Amino acid sequence: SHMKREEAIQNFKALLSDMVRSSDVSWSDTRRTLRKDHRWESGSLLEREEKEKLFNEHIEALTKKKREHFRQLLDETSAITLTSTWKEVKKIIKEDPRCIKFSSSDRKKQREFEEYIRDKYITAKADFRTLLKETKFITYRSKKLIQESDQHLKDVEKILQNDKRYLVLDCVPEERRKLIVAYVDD
Ligand code: NI
């Protein structure tokens, strides 16, 4: 009968999968309402602690899934730029279930948006450093050259100007220039 406890876990898990679709809900509320469902007794072998554990894992799973689909939706919205605001973006994606079902909380959507943009920014810098390492007009002597005059940095920016990786940073001009400077230093 050892498998009976394992069977109860899977039963309780199926109950959660069926009845809890939102990551916003509390265990307190959920254990209240699920108790009204006759399927609840099928978890009798499970102590409240392990039920609550299973609930937490479930919320964790929903959270991960929703975040991934949210980010996919953002990745699919081509109007988004490094400088886009949640306020602007919300207007575009408002009807998409991946936005709607992410959470009832605007704060949590906004926060996930700002985190997405941060990651997007981080990824773009990494790619840009790759491009920089590819460019052999940029040498140990570049730093000499940069301190002597405006020219070298302009010459560099000319060579880089048409590359996909340089251009995705158009929204953060000062930042990009710093990256070039940083690479010229090291
Ligand atoms: Ni047995």
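Please read every residue number as a count from 1 along the shown chain.
Quick check of the header: X-ray crystallography, 2.0 Å.
Every residue, even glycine, has its Cβ placed from backbone N, Cα and C.
Swiss-Prot annotations:
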- 5-61: domain 'FF 4' (DOMAIN)
- 63-119: domain 'FF 5' (DOMAIN)
- 121-186: domain 'FF 6' (DOMAIN)
- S42: phosphoserine (MOD_RES)
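Annotated features, as they stand in the PDB entry:
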- 1-3: expression tag (SEQADV)
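For the residue listed as 'phosphoserine', other Cβ atoms within 10 Å of its Cβ number 16. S42 (phosphoserine) falls within a helical segment according to DSSP. As a summary of secondary structure, the expression tag (1-3) carries 2 helix, 0 strand, 1 coil according to DSSP.
Residue counts for the domain 'FF 4' (5-61) under DSSP (helix as H, G, I; strand as E, B; rest coil) come to 43 helix, 0 strand, 14 coil.
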